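The structure appears below as structure tokens.
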RNA sequence: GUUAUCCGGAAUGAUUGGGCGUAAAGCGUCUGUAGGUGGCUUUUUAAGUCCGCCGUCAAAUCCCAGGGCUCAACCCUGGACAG
RNA sequence: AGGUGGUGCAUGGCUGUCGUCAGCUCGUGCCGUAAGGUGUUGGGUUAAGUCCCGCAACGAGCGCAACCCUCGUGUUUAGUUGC
Ligand SMILES: [Mg+2]
Ligand SMILES: [Mg+2]
Ligand SMILES: [Mg+2]
Ligand SMILES: [Mg+2]
Ligand SMILES: [Mg+2]
Ligand SMILES: [Mg+2]
Ligand SMILES: [Mg+2]
Ligand SMILES: [Mg+2]
Ligand SMILES: [Mg+2]
Ligand SMILES: [Mg+2]
Ligand SMILES: [Mg+2]
Ligand SMILES: [Mg+2]
Ligand SMILES: [Mg+2]
Ligand SMILES: [Mg+2]
Ligand SMILES: [Mg+2]
Ligand SMILES: [Mg+2]
Ligand SMILES: [Mg+2]
Ligand SMILES: [Mg+2]
Ligand SMILES: [Mg+2]
Ligand SMILES: [Mg+2]
Ligand SMILES: [Mg+2]
Ligand SMILES: [Mg+2]
Ligand SMILES: [Mg+2]
Ligand SMILES: [Mg+2]
Ligand SMILES: [Mg+2]
Ligand SMILES: [Mg+2]
Ligand SMILES: [Mg+2]
Ligand SMILES: [Mg+2]
Ligand SMILES: [Mg+2]
Ligand SMILES: [Mg+2]
Ligand SMILES: [Mg+2]
Ligand SMILES: [Mg+2]
Ligand SMILES: [Mg+2]
Ligand SMILES: [Mg+2]
């Protein structure tokens, strides 16, 4: 057994102080953050209006990995940042097809937001509205049809889109589930 | 690899019984077996398969070099856990469990920093140069920090295997490990839902004997796995 | 509410004076007047001669100690690369003017320039820095965060920065402040360096107050 | 560019495609005539339904394939899914 | 140049006030689709979010208290202009 002071100062030197070490590590994560929405929410106190910013932000690699996140702070920058982290720990993967599109047609429901996605022919681009379109674009889906029915709220539509593309079943897996060869379901 | 289990020893230590039929969760109805005098009786042929798979993954995870926690907060299970963890040379929680031990790491670890400074203080003998209020206060810090950080105070980094006693009372452990991507190997009585753990072993709650039986089996798996990770690295 | 200039709060405990002399109650007014005249001169000279050569000149403070024979001026200064490198070194060139101002009867003057090691552990220098950047129509967020950085890599335990006025030239004035680390203002044992500074913009005045806590 | 007219967006009259505890919305409650739907098994019939073949649903327009005005718009030939 | 001419709803500095009232918040986590919540609430106790127990919260910051001056008791030292 080596002394307690040198080994605990080794776990103290290995976990670095937050006041002596500045932060930008994020581009080494291989991710890009896109700010969807910036709103000023308010808590009210006996003094007056206590102002905050809420940022809804999605992150993707444009390579088939995407996530949504929501954050709150006093400054635009900080909320952006929190949103970034909350998203990064919430992240999932969208099933893709050789042509960069969806396996099939799907609906989704989150709150009052309903979302309609359907696959497209290559060269149609991504046609959709703000939340759905940023989510899908950041996932890297190249050709997709989508329409949000029901409500318009950015956040809910994002989450609904995630619910959509999460339940998407790729053909290999339905072949495996049903217990039937691919070529038989192809027909 | 094999482990030590038979119908006779599990019959001995009293694993097969659990809480009254007013108190049960029907979510467990698939693998329960009988009901006697309004006292439920849980299937042991499932119990052996789960305990086998549990000691197997415990052996593979010990052998690869992964780190272990064990948890129960009860009165008897605490006296059993300090010794289970000393016998397997692992990390433990017996006394009051703090919310955020796993999930919120950063603040837990700074709490460990200051507890380490306190451990150096107390052995240095520099608590004798202080006013009486200062020594009583530093002794509050010590009492608390020993209660909560007592068994984890070796561990640096995030624990990737957690073992638990009686998930009914242990809810936050289950939540935190569900959240962080950690496996739970847990004891189930007739009142608890088999959602909350990765490998959930049908077991007994009220009995110190069942706790000792299954925990000694598991700490023996961690011990032989400890021989295999003393060898492989 | 109002706080006290944390300078003034600790006087004769954790903080020294600047003018170190003594005088009989009649002469006190005169002597004070003299200190004011040379502080004025020495600030003006350095301002004009350094800001012509385009640099950031910290004048951290001016300590004046009057002795019956020689009156000595010690300039705490953050970067005397601007004052020393010029051919007529600040020592002599100021000595002549500062000795023109007070008097030479029974009093001769000595100038001594001191290098303050960490320029960003001093509020006054830092506030001149933020004054420069905000005079450059850099947004105040950037300026604040740059100051915070420079200072916390310059060895500081705590800092509070306040900026008040018409910010970004917007019509309605406001107050923006950031606290960083730990800054007790009520603890007299704590060593606290405070500084107040004023800036002239296209949109009018801007105040800067800075608190620096160096420990107990 | 502005104004007018119409469809869109509008899932805002909703078959595909909405609702009705508190947001607009369940008759005060039953009995019951027309009307609509209606359990299982075997047979029959073939009205719907389904498949094949024929007649026709004019030419012009729309869709596909060529041809002609230098190109295009426009014109011309041939052919067809729907229904 | 000079302006004690205009505008304190264009501003800095400085101050009053609620009130020397005990509050105000933040970081990480967790609960909520979200604004937000929790921590800061419950049982006690304080002049005090003072402090202790309990609690999905764990910590920190500015406040409070303390470190400052003056008046209370003693001891060592220094004795003129005071004794
Ligand atoms: Mg709905
Ligand atoms: Mg719409
Ligand atoms: Mg204030
Ligand atoms: Mg026109
Ligand atoms: Mg319509
Ligand atoms: Mg309408
Ligand atoms: Mg409606
Ligand atoms: Mg109403
Ligand atoms: Mg109504
Ligand atoms: Mg009714
Ligand atoms: Mg009614
Ligand atoms: Mg009626
Ligand atoms: Mg009827
Ligand atoms: Mg009838
Ligand atoms: Mg009929
Ligand atoms: Mg029928
Ligand atoms: Mg025709
Ligand atoms: Mg053509
Ligand atoms: Mg042609
Ligand atoms: Mg034709
Ligand atoms: Mg036909
Ligand atoms: Mg003028
Ligand atoms: Mg007014
Ligand atoms: Mg929070
Ligand atoms: Mg949430
Ligand atoms: Mg509490
Ligand atoms: Mg409060
Ligand atoms: Mg609150
Ligand atoms: Mg509450
Ligand atoms: Mg009470
Ligand atoms: Mg009070
Ligand atoms: Mg609570
Ligand atoms: Mg306090
Ligand atoms: Mg006295």
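Chains as they are written, first to last, in the authors' numbering: chain e, 122 to 308; chain b, 4 to 236; chain c, 2 to 217. Just so you know, even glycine gets a beta-carbon here, dropped at the ideal spot from N, CA and C.
Residue contact with chain e for residue 122 of chain c: absent (no Cβ-Cβ distance below 8 Å to any residue of chain e). Using a CB distance below 7 Å, the part of the region 122–151 of chain e facing chain b consists of 125, 126, 129, 132, 133, 136, ordered along the chain.
For residue 31 of chain b, no alpha helix (DSSP H) segment is defined, and its DSSP state is neither H nor E. Around the Cβ of residue 278 of chain e, a 10 Å sphere holds 16 or more other Cβ atoms; the residue is buried. Under the three-state reduction of DSSP output, residue 5 of chain b falls in the coil class, being neither helix nor strand.
Annotated three-state conformation of residue 134 of chain e is helix, per DSSP. Near chain e, meaning a CB-to-CB distance below 8 Å, the residues of the region 104–125 of chain b are 112, 116, 119, 122, 123. Chain-ordered, the chain e residues with CB closer than 9 Å to the CB of residue 182 of chain c read 140. Put simply, the region 103–113 of chain c touches the region 65–83 of chain c. At least three CB pairs are less than 8 Å apart. DSSP, reduced to helix, strand and coil, places residue 231 of chain e within a strand of the structure shown.
Listed in chain order, the beta strand (DSSP E) runs fully inside the region 128–215 of chain c are 159–166, 175–182, 193–202, 205–214, counting runs of at least 3 residues.
Under the DSSP assignment, residue 72 of chain c falls in the beta strand (DSSP E) whose first and last residues are 71–78. In the three-state reduction of the DSSP assignment, residue 248 of chain e falls in the strand class, which pools E and B. Counting along the chain, residue 42 of chain c sits inside no beta strand (DSSP E); it lies in the alpha helix (DSSP H) bounded by residues 28–51. Interface flag for residue 177 of chain c against chain e is unset, since no Cβ pair is found closer than 8 Å. Ranking b/81, b/65, b/16, b/13 by CA distance to the CA of residue 167 of chain b puts b/81 first. If you draw a straight line from the Cα of residue 126 of chain b to the Cα of residue 105 of chain b, it is about 29 Å long. When secondary structure is reduced to three states using DSSP, residue 22 of chain b falls in the strand class.
Bridge pairing for residue 189 of chain b: b/167, b/203 [DSSP]. Inter-segment contact for the region 195–213 of chain e and the region 228–241 of chain e is absent: fewer than three beta-carbon pairs are separated by less than 8 Å. Counting along the chain, the unbroken alpha helix (DSSP H) around residue 58 of chain b starts and ends at 47–66.
Any Cβ of chain e closer than 8 Å to the Cβ of residue 217 of chain c would place that residue at the interface, and such an atom is absent.
Spanning the alpha carbons of residue 97 of chain b and residue 175 of chain b requires a straight line of approximately 14 Å.
Note that the C-beta distance between residue 191 of chain b and residue 165 of chain b is not below 8 Å.
8 Å or more divides the Cβ of residue 35 of chain b from the Cβ of residue 22 of chain b. Secondary structure in the region 127–211 of chain e: the alpha helix (DSSP H) runs of 4 residues or longer, each lying completely within the stretch, are 197–211 in chain order. Contacts with chain e at 8 Å (Cβ-Cβ) include residue 159 of chain b. Under the 8 Å criterion on CB atoms, residue 102 of chain c is classed as non-interfacial with respect to chain e.
DSSP, reduced to helix, strand and coil, places residue 220 of chain e outside both helices and strands of the structure shown, so it counts as coil. In terms of CA proximity to residue 124 of chain c, c/148 leads the group c/143, c/107, c/148. In the three-state reduction of the DSSP assignment, residue 104 of chain b falls in the coil class, being assigned neither a helical nor a strand state. Under the three-state reduction of DSSP, residue 111 of chain c is assigned to strand. Residue 146 of chain e sits away from residue 180 of chain e, with the two beta carbons spaced by 8 Å or more. Across the structure, residue 187 of chain c and residue 146 of chain c are spaced so that their CA atoms are roughly 26 Å apart.
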